[PDB]
Amino acid sequence: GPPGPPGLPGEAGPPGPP
Amino acid sequence: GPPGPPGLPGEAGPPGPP
Amino acid sequence: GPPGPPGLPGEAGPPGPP
């Protein structure tokens with residue numbers, strides 16, 4: 001069989017500096 | 001054959017811009 | 001037939017909010 005599909009993207013990162 | 005299982009999720013992204 | 005290899009982990013997530 002083919003390799004499985006790539007994982008989902010991670011969640012968005014932390015808010016940036018103020 | 002059948003596709004393997006999907007990959008694990010990616011890690012969290014980078015901090016946003018200031 | 002024989003199952004394929006597990007998929008690669010996902011990309012890092014998008015940048016966070018400002």
# chains A, B, ... in the order shown; residues from 1 in each chain; ligands from 1
>>> calpha_fit_rmsd(fixed="chain B", moving="chain C")
1.1 Å
>>> residues_around(residues="residue 8 of chain A", least_positions_apart="2", cutoff="8 Å", atoms="only C-alpha atoms", output="PyMOL selection string")
(chain A and resi 6+10) or (chain B and resi 7-10) or (chain C and resi 9-11)
>>> residues_around(residues="residue 16 of chain C", least_positions_apart="3", cutoff="10 Å", atoms="only C-alpha atoms", output="number ranges by chain")
A: 11-16; B: 12-17; C: 13
>>> write_last_selection(atoms="N, CA, C and O atoms", output="PDB file, in the first residue's frame")
ATOM      1  N   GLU A  11      -2.204  23.534  15.383  1.00  0.00           N
ATOM      2  CA  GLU A  11      -2.984  24.729  15.695  1.00  0.00           C
ATOM      3  C   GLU A  11      -2.164  25.999  15.505  1.00  0.00           C
ATOM      4  O   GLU A  11      -0.922  25.987  15.456  1.00  0.00           O
ATOM      5  N   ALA A  12      -2.873  27.107  15.396  1.00  0.00           N
ATOM      6  CA  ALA A  12      -2.233  28.409  15.308  1.00  0.00           C
ATOM      7  C   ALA A  12      -1.272  28.618  16.526  1.00  0.00           C
ATOM      8  O   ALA A  12      -1.524  28.120  17.661  1.00  0.00           O
ATOM      9  N   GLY A  13      -0.205  29.365  16.308  1.00  0.00           N
ATOM     10  CA  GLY A  13       0.607  29.782  17.419  1.00  0.00           C
ATOM     11  C   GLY A  13       0.015  30.739  18.433  1.00  0.00           C
ATOM     12  O   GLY A  13      -1.120  31.236  18.303  1.00  0.00           O
ATOM     13  N   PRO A  14       0.809  31.006  19.489  1.00  0.00           N
ATOM     14  CA  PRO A  14       0.538  32.019  20.578  1.00  0.00           C
ATOM     15  C   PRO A  14       0.416  33.424  20.033  1.00  0.00           C
ATOM     16  O   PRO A  14       0.986  33.717  19.023  1.00  0.00           O
ATOM     17  N   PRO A  15      -0.426  34.272  20.636  1.00  0.00           N
ATOM     18  CA  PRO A  15      -0.439  35.714  20.252  1.00  0.00           C
ATOM     19  C   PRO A  15       1.010  36.224  20.287  1.00  0.00           C
ATOM     20  O   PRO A  15       1.875  35.711  21.100  1.00  0.00           O
ATOM     21  N   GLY A  16       1.300  37.174  19.399  1.00  0.00           N
ATOM     22  CA  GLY A  16       2.630  37.757  19.204  1.00  0.00           C
ATOM     23  C   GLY A  16       2.891  38.732  20.369  1.00  0.00           C
ATOM     24  O   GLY A  16       2.043  38.937  21.225  1.00  0.00           O
TER      25      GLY A  16
ATOM     26  N   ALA B  12       2.267  23.238  17.304  1.00  0.00           N
ATOM     27  CA  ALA B  12       1.698  24.576  17.266  1.00  0.00           C
ATOM     28  C   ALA B  12       2.558  25.504  16.362  1.00  0.00           C
ATOM     29  O   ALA B  12       3.762  25.347  16.192  1.00  0.00           O
ATOM     30  N   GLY B  13       1.916  26.455  15.726  1.00  0.00           N
ATOM     31  CA  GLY B  13       2.670  27.450  14.975  1.00  0.00           C
ATOM     32  C   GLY B  13       3.468  28.449  15.802  1.00  0.00           C
ATOM     33  O   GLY B  13       3.443  28.459  17.062  1.00  0.00           O
ATOM     34  N   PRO B  14       4.210  29.310  15.069  1.00  0.00           N
ATOM     35  CA  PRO B  14       5.013  30.405  15.590  1.00  0.00           C
ATOM     36  C   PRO B  14       4.152  31.490  16.249  1.00  0.00           C
ATOM     37  O   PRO B  14       2.959  31.625  15.937  1.00  0.00           O
ATOM     38  N   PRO B  15       4.722  32.250  17.216  1.00  0.00           N
ATOM     39  CA  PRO B  15       3.997  33.482  17.668  1.00  0.00           C
ATOM     40  C   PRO B  15       3.610  34.382  16.499  1.00  0.00           C
ATOM     41  O   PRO B  15       4.328  34.442  15.477  1.00  0.00           O
ATOM     42  N   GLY B  16       2.458  35.011  16.610  1.00  0.00           N
ATOM     43  CA  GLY B  16       2.088  36.109  15.751  1.00  0.00           C
ATOM     44  C   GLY B  16       3.052  37.276  15.709  1.00  0.00           C
ATOM     45  O   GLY B  16       4.005  37.356  16.531  1.00  0.00           O
ATOM     46  N   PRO B  17       2.773  38.224  14.784  1.00  0.00           N
ATOM     47  CA  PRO B  17       3.597  39.473  14.664  1.00  0.00           C
ATOM     48  C   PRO B  17       3.389  40.332  15.885  1.00  0.00           C
ATOM     49  O   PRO B  17       2.377  40.209  16.573  1.00  0.00           O
TER      50      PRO B  17
ATOM     51  N   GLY C  13       1.633  24.517  12.657  1.00  0.00           N
ATOM     52  CA  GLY C  13       0.536  25.436  12.462  1.00  0.00           C
ATOM     53  C   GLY C  13       0.890  26.850  11.975  1.00  0.00           C
ATOM     54  O   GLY C  13       2.074  27.304  11.933  1.00  0.00           O
TER      55      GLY C  13
END
>>> residues_around(residues="residue 1 of chain B", least_positions_apart="6", cutoff="9 Å", atoms="only C-alpha atoms", output="list in words")
residues 1 and 2 of chain A; 1, 2, 3 and 4 of chain C
